[PDB]
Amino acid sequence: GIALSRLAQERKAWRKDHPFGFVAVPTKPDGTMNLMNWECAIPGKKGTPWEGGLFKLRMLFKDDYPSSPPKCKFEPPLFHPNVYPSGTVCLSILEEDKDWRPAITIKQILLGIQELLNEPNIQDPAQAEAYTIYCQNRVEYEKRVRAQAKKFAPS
């Protein structure tokens, strides 16, 4: 009831204020909206190995929300140092006992993640492969990022 009330406003705000290319819509018993399960899409930033790719993730809110952050998973999982092999996104703003704030909008989340894509947080890696290649062979790293950007290019 608390989360739903706040999530209803989030969808309201989003509809009238969000970046081009981004997508944040709840899932669907049919016809009825599931405000606790959002299907999202994040375009790669222009002028990066990520540009041209549309990386889709799932945004899972709890009834604990907004006290607690949503859980964000890339589906399929992404090659990236701050994303668990399960697809779970590791972002400081998505952690209760850290940088998360009740005020944080879905917009800020999807943008926060978009910056994370091209600017990994070496401090706390979740993925062993991505982290390694990132720390040693950047050229090959970015070669694997562009190949992925194409795999997830629309159409």
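Residues carry their position along the shown sequence, with the first being 1.
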{"item": "Unmodelled stretch of the deposited sequence separating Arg101 from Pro102, binned as none, 1 to 3, 4 to 9 or 10 or more", "value": "none"}
{"item": "Given 32 to 40 and 103 to 111, the range whose Cα B-factors average higher in the PDB entry", "value": "32 to 40"}
{"item": "86 to 94 or 126 to 134, whichever carries the higher mean Cα B-factor", "value": "126 to 134"}
{"item": "Where the record places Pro70 (Cα B-factor, split into thirds across the chain)", "value": "lowest"}
{"item": "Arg58 by Cα B-factor - lowest, middle or highest third of the modelled chain", "value": "lowest"}
{"item": "CA B-factor ranking of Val23, expressed as a third of its chain", "value": "lowest"}
{"item": "Among modelled residues of the same chain, the CA temperature factor third for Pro120", "value": "lowest"}
